[PDB]
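Just the one chain here, laid out as structure tokens, in the form deposited in one PDB entry.
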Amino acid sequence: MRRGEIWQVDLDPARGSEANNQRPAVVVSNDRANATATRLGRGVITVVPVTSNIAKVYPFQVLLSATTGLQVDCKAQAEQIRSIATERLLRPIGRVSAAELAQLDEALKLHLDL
């Protein structure tokens, strides 16, 4: 997996307002860590869960447009950031645009006070 790619991930079981079920997520961990996790068969990668509920788009969230990829308009929730074992990766879906990824970088900086 690579940073910017959209993957179907298994987030269950989730507690409280943690994003649940099997849903798309954007890889945001750097590619050196991603490359290290793949071949070794261990380690974690970091992803940003995605939701179809787009009634509100907070500044720490990024609107993703449906393309081949996501079938409906969605928003990436940087506040839902989560490091997961690679075995949670189910399906490759596609990748966000460079514009969407650049926005996600800013959303992550904002959320993590970086």
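So that there is no doubt, residue numbering starts at 1 and follows the sequence shown. The term rigid core refers to the maximal set of C-alpha atoms that superpose within 1.5 Å between the two forms.
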Q. With respect to the deposited sequence, how many residues separating residue 36 from residue 37 are not represented by coordinates: none, 1 to 3, 4 to 9, or 10 or more?
A. none
Q) If you average the Cα B factors in the entry, which is higher, 74 to 82 or 27 to 35? A) 27 to 35
(Q) Mean CA temperature factor from the deposited coordinates, higher in 1 to 9 or in 104 to 112? (A) 1 to 9
Q) Within this chain, which third does the Cα B-factor at residue 17 fall in: lowest, middle or highest? A) lowest
(Q) Can you tell me whether residue 48 has a C-alpha B-factor in the lowest, middle or highest third compared with the other modelled residues of the same chain? (A) lowest
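Keep in mind that the form deposited in another entry is missing from the display, and what follows is about it.
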Q: Spell out whether the Cα of residue 106 moves at least 2 Å between this form and the one not shown when the two forms are superposed on their rigid core.
A: no
Q: Verify the C-alpha shift of residue 97 between this form and the one not shown: is it 2 Å or more after superposing the core?
A: no
Q) Superposing on the rigid core, is the CA of residue 32 displaced by 2 Å or more between this form and the one not shown? A) no
Q) Closer or farther: how do the CA atoms of residue 16 and residue 106 lie in the other entry, compared with the form shown, if the change is at least 3 Å? A) farther
Q: Work out whether the Cα atoms of residue 74 and residue 16 come closer together or move farther apart in the other entry than they are in this form, the change being 3 angstroms or more.
A: farther
